[PDB]
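Virtual Cβ from ideal backbone geometry, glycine too; neighbours counted across all protein chains shown. What follows draws every value from the coordinates through simple rules; no lab data is involved.
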Amino acid sequence: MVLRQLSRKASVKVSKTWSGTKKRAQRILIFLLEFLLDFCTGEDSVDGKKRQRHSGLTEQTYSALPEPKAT
């Protein structure tokens with residue numbers, strides 16, 4: 001209705017339409033280039049988070065379905 005958080009769709013489809021294209025894109029080009037270099041070297045996302053997004057101890061929801069939670 002009124003609230004239109006672009007962030008909620010940016011988390012799904014992202015859509016870099018105008019979101020950083022006028023000026024940010026000039027370096028996205030370089031980022032694209034160097035990506036090939038760094039990816040060949042190793043990982044660029046040094047995040048040692050285990051599990052998916054939860055360890056699932058008391059999480060006994062045996063749904064196993066693509067349930068639309070919030071994201």
All positions within the stretch 2-43 that are at negative phi, surrounded by 10 or more Cβ atoms within 10 Å (Cβ to Cβ) and either in contact with a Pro (Cβ under 6 Å, 6 or more places away or on another chain) or assigned to a loop (DSSP other than H, G, I, E, B) (or both):
11, 16, 19, 21, 24
Report, ordered by the first and then the second residue, all pairs with beta carbons closer than 7 Å, sequence separation of six or more or different chains, a first member in the stretch 51-65 that is surrounded by fewer than 10 Cβ atoms within 10 Å (Cβ to Cβ), and a second member that is among the charged types (D, E, K, R) and assigned to a loop (DSSP other than H, G, I, E, B).
none
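Condition check ((1) more than 21 Å from the chain's Cα centre (by Cα); (2) more than 21 Å from residue 11 (Cα to Cα)) across all residues:
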| residue | (1), (2) |
| --- | --- |
| 32 | no, no |
| 36 | no, yes |
| 45 | no, no |
| 49 | no, no |
| 53 | no, no |
| 56 | yes, yes |
| 62 | yes, yes |
| 66 | no, no |
| 70 | no, no |
